[PDB]
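Next up is one chain by itself, shown in structure tokens, the form deposited in one PDB entry.
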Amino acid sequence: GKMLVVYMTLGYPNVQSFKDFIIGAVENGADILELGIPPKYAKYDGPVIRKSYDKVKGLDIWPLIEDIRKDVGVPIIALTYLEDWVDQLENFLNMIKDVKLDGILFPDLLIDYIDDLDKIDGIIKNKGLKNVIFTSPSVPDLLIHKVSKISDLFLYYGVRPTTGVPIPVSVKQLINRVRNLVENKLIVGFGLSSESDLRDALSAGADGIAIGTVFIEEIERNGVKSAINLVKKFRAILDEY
């Protein structure tokens, strides 16, 4: 079947409500968790991700990661910029394995560290960790093909960002043009998540979808239990395929 990947900003909105959402999300069918590590600097994050980072400013991040690791048994991927840890890439990857997370996803890996790709994949893989590689429409087709054969768990393909203007092309067509390039499992991630966009990706052959900002929005406007119920809804939609 199809994989439901659920993102949440570590500690958002508060520590107790964050664990409630994660546990509820996993109970309602999340297959993979992505946890957003608040960034040491500003980068390619949109308005609603940034505001989620604002509300957990100064969070003690490692005890919470440890804590949530004890609470749920699904694969957990750390979402953080290779930027914030390239100075210290060794004590980061050891800490990640120390607290028992399954892998990482560096969004800026293929952008700002493309020449370091093969070294960094090698080190991650020889720590037993998963290197989940981020791609997007601006990643050239042959690079996408390259990383599709090395990406662990799945290759991630991000469309519909909250920042900027979306590509005025149907998600069905966008995924049609990468599905045959990706030998891996293909997870399509969304900033804006219309149901039409999600069904377009699944019907175009994506092996799952990743969603996150939709949950941050639903929490702020209707609360954690409402956001948990959205997970149930997305699970049912993926279960139609």
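If you superpose the two forms and keep the largest set of C-alpha atoms that fall within 1.5 Å, you have the rigid core. In case it trips you up, residue 1 is the first one in the sequence shown, and so on.
Below, we refer to the form deposited in another entry, which is not included among the displayed structures.
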(request) Identify which of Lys43, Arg177, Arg199, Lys55 has its C-alpha displaced by 2 Å or more between this form and the one not shown once the rigid core is superposed. (result) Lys43
(request) Superpose on the rigid core, then tell me if the C-alpha of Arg160 is displaced by 2 angstroms or more between this form and the one not shown. (result) yes
(request) Please say whether the CA atoms of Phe215 and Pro166 come closer or move farther apart in the other entry, knowing the change relative to this form is 3 Å or more. (result) closer
(request) Quick one: in the other entry, is the Cα gap between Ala42 and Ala210 smaller or bigger than here? Answer closer or farther; it shifts by 3 Å or more. (result) closer
